[PDB]
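Start at 1 and go down the list; that is how both ligands and their atoms are numbered. In what follows, chains are A, B, ... by sequence order, proteins preceding strands, each numbered from 1.
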Protein chains: 2
Amino acid sequence: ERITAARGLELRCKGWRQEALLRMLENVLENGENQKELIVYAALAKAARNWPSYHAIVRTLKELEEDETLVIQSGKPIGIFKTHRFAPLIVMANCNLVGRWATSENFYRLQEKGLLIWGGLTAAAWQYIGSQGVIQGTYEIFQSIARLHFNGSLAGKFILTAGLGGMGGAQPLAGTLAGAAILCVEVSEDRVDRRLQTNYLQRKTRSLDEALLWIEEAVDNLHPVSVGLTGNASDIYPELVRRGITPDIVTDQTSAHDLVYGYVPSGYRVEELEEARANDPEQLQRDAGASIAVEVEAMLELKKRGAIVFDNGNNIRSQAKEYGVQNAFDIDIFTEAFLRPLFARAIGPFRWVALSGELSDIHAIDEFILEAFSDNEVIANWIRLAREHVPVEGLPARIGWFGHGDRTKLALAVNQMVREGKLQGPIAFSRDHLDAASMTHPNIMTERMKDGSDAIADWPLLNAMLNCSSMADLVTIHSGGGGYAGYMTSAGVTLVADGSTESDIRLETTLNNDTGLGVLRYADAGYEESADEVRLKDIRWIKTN
Amino acid sequence: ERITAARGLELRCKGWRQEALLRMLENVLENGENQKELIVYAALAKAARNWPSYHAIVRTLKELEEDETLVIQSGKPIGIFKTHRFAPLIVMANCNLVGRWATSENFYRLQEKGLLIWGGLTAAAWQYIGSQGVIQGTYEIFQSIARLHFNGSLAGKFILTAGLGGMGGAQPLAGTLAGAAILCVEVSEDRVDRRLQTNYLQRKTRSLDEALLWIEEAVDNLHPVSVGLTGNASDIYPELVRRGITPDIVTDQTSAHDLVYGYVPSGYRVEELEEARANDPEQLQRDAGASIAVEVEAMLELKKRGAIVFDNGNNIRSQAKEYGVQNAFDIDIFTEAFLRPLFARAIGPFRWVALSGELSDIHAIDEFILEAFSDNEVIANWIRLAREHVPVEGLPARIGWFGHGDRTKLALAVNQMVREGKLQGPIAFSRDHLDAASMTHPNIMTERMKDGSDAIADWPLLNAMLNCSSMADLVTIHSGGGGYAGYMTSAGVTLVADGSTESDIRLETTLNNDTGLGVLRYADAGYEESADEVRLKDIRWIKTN
Ligand SMILES: NC(=O)c1ccc[n+]([C@@H]2O[C@H](COP(=O)([O-])OP(=O)(O)OC[C@H]3O[C@@H](n4cnc5c(N)ncnc54)[C@H](O)[C@@H]3O)[C@@H](O)[C@H]2O)c1
Ligand SMILES: NC(=O)c1ccc[n+]([C@@H]2O[C@H](COP(=O)([O-])OP(=O)(O)OC[C@H]3O[C@@H](n4cnc5c(N)ncnc54)[C@H](O)[C@@H]3O)[C@@H](O)[C@H]2O)c1
Ligand SMILES: O=C(O)/C=C/c1c[nH]cn1
Ligand SMILES: O=C(O)/C=C/c1c[nH]cn1
């Protein structure tokens, strides 16, 4: 029987802050792409190191007092420590390796030995809310491209992408919300069907000709459509190049970061991957890397024929370069090219979860946002769209990109709504780690920083320490695993709006500092949007020169 | 005019917790090996990124309120954030680079660009107390060797080492406190004289024959002696091999971790190093690496002739291997070979500083320890020796290795002594980062862990987050710079015992968790001393299997 988050108002823990974390753990497994292996998303991002660790985490949370801290180490609960009730209930650090040892080869060996797990960004910290977590980011990428290259509209524009997994599955809905005709190549029919049946996906086919006919009809009419094509991206993309078909936009969101558990090489059936991992994992990686190289060569050709081509944050260019595509980094990254003006003001992927399990709670917050942020036409547009079109996945939840001060405003209003019984139960707040002071990754978040600080990992470490100092409920530091090993370090944070007045202080303190450090990180690198935000919001940026 | 720590009881800041950190900053510069370059020790471990950063840190500390946190990033003050008064006053993260970019070459380039500094372990967190900080560790190494190989006594035993810098300068006194005849090779006459005049060193010479005559007379009589020999270790060590002279113990504590600013190659004069760094830094590194290789070859030969040979934590074996010494790691590391049974109980380099500047404060704490820990003959022996023989360096301070619960006991007694006026002024507590949950370094602290977890850097990240959650005054996360780039990540903590009852809670909470996580880190790796300590001290170690 599949794990699901507890619904309703019956506490299993000593309080609602503890219960919230337990339900978020259950919720990432409920929305997980392979719950049975503790895998939440991204092929091998796990919620805990193993089932023994999971059960001991669950036991510990049920007995944890508000003035204690549980320490979790690469997904394994280690000990319980006395702190105080304005300190995190959990601090965790997942898959951190000292630099010269931070290689994929070392990662697999240590995971085999039982010593670590990769936590993804939001898997091991239990902050994943389903595909919705990434859908506004992708939609904002598509809209930024529209503004930059297509007069503000993707109507009649053709997007090609691949991957309909935990995160990739958001792309068809992001595409059609932006008015685009979007073709998503996916190797697993199982995944195609899942997205069809949750209505992230409109149409499916096994025929490329049929898919292109549908795309053509939509483009010609300026209608949106999403098509899932069963196939391998390293076969389909070169074929479009052969046919001289250049989409207007091309990206990829396959699991290219991991050549053992992620990217399916050309000529392999999904059914034989386990077999291949067991017998000859080395050949499988070589085959996956060669197929990624073919796919990116096709992307590069599409780029030269005029497509807007970009990396959607999966190290696909890094992999392609390793397997011989020397100009792979001619392809843009979505951060530097499209979203960095948002990050520079610490506008980022803020999210919240209705721990009661009641969708009416999300809808009440939706209505609050439309009323209280009505001068913010971006968030107002997004919330209208999400309320109408994003289905419930696990616990009702909402993604909503907010910047400095706005996160705090929302969370304080919601906490009061919990306190006043306008919401049925407490609300958990969190975010992706793809946020201003909380991620360092030279080929994703921090590629080509203005000051060259691409590799500086101080910032997420600072974000974690400051958030611990700011009364958050859960704080985490992650580093890359699998093919992300050695590429990134990030930090996450969870807050529980349980209605109490003491939570008001925690929410205010953490959220102002979580975004505040984000603004200063980009201000330090010389971004003028950040310097403007500092003045607008009276952030205390220290001047030295 | 040289920077010195303020003495006396006049506050320059808004409170004594803030003043304590300001004085510790001044104090590491006062005891610094090259204050003029902000360099505290270890060739390039700096207290701040640059003088502009230093002045802005000083200004900020003078105005910082107890409910605020200053964020420092690789030695540069970034911003001031509202937290609460049971949160750190400072969180800092120094010289952290994502793994694939954590190389010495990247480090130098980024330091050149003005983007980072190496913080050492205790330099950028202002936790260095002078040479005393390391002297008990070295003495415990020598005593462990004595127990293992020489019937409990180094009387009549010959120790050969090199390096009389910030940390290396402790070796002659550690040697003679243990009864040994110790020869210290040092290239700079300036350094030799400094140690002579602070009485860390008994005798100096420029003649190897004279040095060996002195060593021989002492050995023969079972007397202790310390001799500083002006010379290059890569010349002297092979010469002893040539002469068939095998000391009983051989180590090195030169700055072998950095081939640009540290290790002086054979045939270079110290006077020309600056010139060489400017013109041809690449040749200088090659020359330094070749000379380290020669020195370690000599060490390896001495080992085969029966010397107890070990690496004293300066990556000398790593460097030697890189420059061709394939069996360099046949030489023991002091952690795994001698001190790990202490680390396994979180016994570690705890230290405290009399912020009043009054030596009588240290002496009162000394007397307290002798009375309150009298069943602990190890600490009782050490304190007697240190009070008698360790000179004051900068602010009066004391090193004293204590384990779980004992650190807390000491700090609570001292805080009460501050409160009751038995001490003139507040006391700062800290430690080296060479401590149980606070250091990851596969070729120093965590070489050859029982469970193979040598590379896992989760633990210092956890130590920092938990200490932030535990009401510490300053928390830091550092990673390696120079030749340490990619090798290590560590965490430090500072507490201010200012006498208040609220500080009692902070000191208790932080110290129990700083050592408590340390015990659990070694317990997790399977060390039986740790499992014993857990039971003895009722540490809440979670069981999963
Ligand atoms: N680290 C970041 O900053 C960041 C941010 C957002 C997304 N992501 C990345 O998004 C990528 C995907 O995330 P996920 O959660 O969707 O992964 P997931 O593994 O759940 O799904 C990956 C999908 O790709 C399919 N696939 C694999 N090889 C294929 C091929 N050759 N052709 C077609 N389809 C193929 C798989 O069948 C699966 O459905 C990952 O690399 C994740 O890291 C990363
Ligand atoms: N990272 C750890 O875990 C740890 C712990 C303790 C000590 N240490 C290391 O101890 C080593 C020294 O620390 P420090 O603070 O003494 O450095 P320091 O640079 O102040 O002094 C180094 C001394 O070595 C001398 N020297 C350089 N090359 C020489 C040569 N070829 N022959 C003789 N003398 C030579 C220099 O003149 C200087 O006096 C460093 O590598 C530091 O990291 C490291
Ligand atoms: O939105 C999430 O939960 C995760 C986003 C992400 C991207 N890459 C890894 N995790
Ligand atoms: O005792 C100190 O202050 C520093 C010890 C240390 C060892 N290596 C780097 N710092």
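Atoms of ligand 2 lying under 4.0 Å from at least one heavy atom of B:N314, given by number and element, are 11 (C), 41 (O). Counting atoms of ligand 2 from 1 in the listed order, those under 4.0 Å from a heavy atom of B:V185 are 33 (C), 34 (N). For ligand 3, the atoms sitting less than 4.0 Å from at least one non-hydrogen atom of A:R351 are 1 (O), 2 (C), 3 (O), numbered in the order shown with element in parentheses. Numbered from 1 in the order shown, with element, the atoms of ligand 2 that lie under 4.0 Å from a heavy atom of B:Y41 read 15 (O). Interface of B:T122 with ligand 4, defined as ligand atoms under 4.0 Å from a residue heavy atom, comprises 2 (C), 3 (O), 4 (C). Close approach of ligand 2 to B:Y263 (heavy-atom distance below 4.0 Å) involves ligand atoms 28 (N), 31 (N). Residue-ligand proximity, A:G133 to ligand 3, at heavy-atom distances under 4.0 Å covers atoms 1 (O). Close contacts between ligand 2 and B:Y484 involve ligand atoms 1 (N), 9 (C), 41 (O), 42 (C), 43 (O), 44 (C) [criterion: under 4.0 Å to a heavy atom].
For the pair B:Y128 and ligand 4, the shortest N or O to N or O distance does not fall below 3.5 Å. Distances between N or O atoms of B:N312 and those of ligand 2 include no value under 3.5 Å. For the pair B:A256 and ligand 2, the shortest N or O to N or O distance does not fall below 3.5 Å. Between B:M488 and ligand 2, a contact under 3.5 Å exists for no N or O pair. Note: no N/O pair closer than 3.5 Å links A:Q127 and ligand 3 by distance alone. Checking only distances, B:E186 does come within under 3.5 Å of ligand 2, N or O to N or O. For the pair B:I444 and ligand 2, the shortest N or O to N or O distance does not fall below 3.5 Å. Geometrically, ligand 3 and A:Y41 share a nitrogen or oxygen pair separated by less than 3.5 Å. Considering backbone and side-chain atoms alike, B:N232 places an N or O below 3.5 Å from some N or O of ligand 2. At least one N or O atom of B:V264, backbone or side chain, sits closer than 3.5 Å to an N or O atom of ligand 2. For the pair B:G168 and ligand 2, the shortest N or O to N or O distance falls below 3.5 Å. For B:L121, no nitrogen or oxygen atom sits less than 3.5 Å from a nitrogen or oxygen atom of ligand 2, counting backbone and side chain alike. Below 3.5 Å of separation, one finds no N or O of B:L434 facing any N or O of ligand 2.
Residue B:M167 touches ligand 2 through backbone and side chain together, judged by heavy-atom distances below 4.0 Å. Only the side chain of B:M167 comes within 4.0 Å of ligand 4, counting heavy atoms alone; its backbone N, CA, C and O stay farther away.
A donor-acceptor pair is defined here as one N or O able to donate and one able to accept, closer than 3.5 Å; such a pair exists between the side chain of B:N31 and the backbone of B:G394. The main-chain N or O of B:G120 is found under 3.5 Å from a side-chain atom of B:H478 such that the two form a donor-acceptor pair. Panel note: side chain B:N96, backbone B:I477; a donor-acceptor pair is recorded below 3.5 Å. Under a 3.5 Å cut-off, the side chain of B:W382 and the backbone N or O of B:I399 do form a donor-acceptor pair.
Each of B:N314, B:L121, B:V134 was evaluated against B:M167; a single residue qualifies, B:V134, per the side chain to side chain contact (heavy atoms under 4.5 Å, CB included) test. When each of B:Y487, B:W118, B:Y263 is checked for a ring pair (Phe, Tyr, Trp, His ring centres under 6.0 Å) with B:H257, only B:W118 meets the rule.
Residue contacts with ligand 2 leave out B:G120, since none of its heavy atoms falls under 4.0 Å from the ligand. Within the structure, the closest approach of B:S234 to ligand 2 does not fall below 4.0 Å when heavy atoms are considered.
Considering only non-hydrogen protein atoms, atom 8 (N) of ligand 4 sits nearest to B:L121 CD1, 3.7 Å. Protein heavy atom closest to atom 2 (C) of ligand 2, with residue, atom name and distance, is B:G313 O, 3.6 Å. Of the protein's non-hydrogen atoms, B:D432 OD2, 3.0 Å is the one closest to atom 5 (C) of ligand 4.
The closest side-chain donor-acceptor pair between B:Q127 and B:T494 falls under 3.5 angstrom. If you check the side chains of B:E447 and B:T335, you find no donor sitting under 3.5 Å from an acceptor.
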query = When you look at B:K204 and B:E189, which way does the salt bridge (charged side-chain N to carboxylate O under 4.0 Å, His left out) test go after all the steps?
reply = CA-CA 9 Å; B:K204 77 176 206 173; B:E189 183 76 20; 2.9 Å; yes

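Taking only non-hydrogen atoms, the option from B:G163, B:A233, B:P349 nearest to atom 32 (N) of ligand 2 is B:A233. Around atom 26 (N) of ligand 2, the closest heavy atom drawn from B:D432, B:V187, B:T138 belongs to B:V187.
In terms of heavy atoms, B:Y323 sits closest to B:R286 at CE2-O, 3.8 Å.
Under a 4.0 Å N-O distance rule, the pair B:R191/B:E33 qualifies as a salt bridge.
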